[PDB]
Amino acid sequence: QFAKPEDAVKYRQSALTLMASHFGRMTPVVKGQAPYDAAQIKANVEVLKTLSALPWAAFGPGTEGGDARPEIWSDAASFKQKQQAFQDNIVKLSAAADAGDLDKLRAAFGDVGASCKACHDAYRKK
């Protein structure tokens, strides 16, 4: 759905802005600095789940640009792995939010953060 490589870049940086907001806005709740309302978090995590599947389809062949390292494309199986791993971690977050269990949520949340960071360390330009 992208007329030019720039349009895919702009889409994926857009989608990652939204995902980072929907994940990071929960930080105060995971830390106990903000109140935990199960319904409110369940809802926000559903939003995050839909957003978390969107960036990956905007690294199609020929969308080099942005801060994406070229190795996303020369090692596509490994990049595919990292994103499936991250998406599985979002499943576990969903399950914790759907269970309304804050301890489970905080552990899920740390696993999700580690997997964001694992991918950036291999595939996002310093």
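Quick note: we count residues from 1 along the sequence shown, nothing fancier.
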Which of 27 to 35 and 62 to 70 has higher mean CA B factor, as the PDB entry lists it: 62 to 70
Which of 53 to 61 and 73 to 81 has higher mean CA B factor, as the PDB entry lists it: 73 to 81
B-factor third for the C-alpha atom of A15 within its chain: lowest
Within-chain third of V47 by Cα B-factor, per the entry: middle
Chain-wide C-alpha B factor ranking for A118, given as lowest, middle or highest third: middle
Record-listed C-alpha B factor of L102: chain third: highest
